[PDB]
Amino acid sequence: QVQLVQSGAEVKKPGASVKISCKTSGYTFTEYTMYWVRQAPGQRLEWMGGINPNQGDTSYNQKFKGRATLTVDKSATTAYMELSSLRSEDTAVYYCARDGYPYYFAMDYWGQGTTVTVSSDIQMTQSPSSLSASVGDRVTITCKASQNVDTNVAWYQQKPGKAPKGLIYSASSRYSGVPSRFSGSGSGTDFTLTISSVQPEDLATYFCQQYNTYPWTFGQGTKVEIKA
């Protein structure tokens, strides 16, 4: 089985450096691209960049270039990310995630995440931002893209206190093992996620994502509370 295992939590003074690692197992390490996703405390998910471990090439989000450095060590099948000159805006949780291309688009496996604590882009908007439903209702969440993204949209689910887990890639296809009550829909600029007979375990925050071009961008998230 695929497993992404990140280094443990870090506490650093302003000015220090941190090199958080992500040890992979379960698959051919050099054949899958690795991304890093930040979640500042109570904030949107943010795609920081990516490294291709075959060649060691990288793409960074302009916001994080020159703050962040992405490397790999093939011999240790380990991806690394170094954050330099830490400011307090950098206190966040950092995830590593795997590009599942070409069998499953977008990020099909995430790491546990590492909390680091210091002391023309495509826009994605979701509605509603917050939602309360009863066991058995269908819930509907929409995502509007500021530009056309064809069907290069994925949805993730983030259960309380855990890493995002993929639900839908390619706008309407389910990741392996995802419950059939989640279906995705839409094309071009308007996407919807539908949960059909909502179960108590669906208590989560749900995010859309476009991967039509770099940088990848996320929606702000839709909190889904389940009354019992």
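Just count from 1 along the sequence shown to find any residue number.
Per the record, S119 and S120 are separated by 10 or more deposited residues that are missing from the model. Relative to one another, 51-59 and 27-35 have unequal mean CA B-factors, and 51-59 is the one with the higher figure. Taking only CA atoms, the mean B-factor in the PDB entry is higher for 40-48 than for the other of 161-169 and 40-48. Within the listed group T125, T114, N152, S129, the record reports its top CA B-factor for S129. Remark: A133 belongs to the highest third of its chain, ranked by C-alpha B-factor as recorded. The deposited CA B-factor of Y104 belongs to the middle third of values across its chain. For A16, the recorded CA B-factor ranks within the middle third of the chain. Only modelled residues enter the ranking. Annotation for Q220: C-alpha temperature factor in the middle third relative to the rest of the modelled chain, per the entry. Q1: CA B factor lies in the highest third for its chain, per the PDB record.
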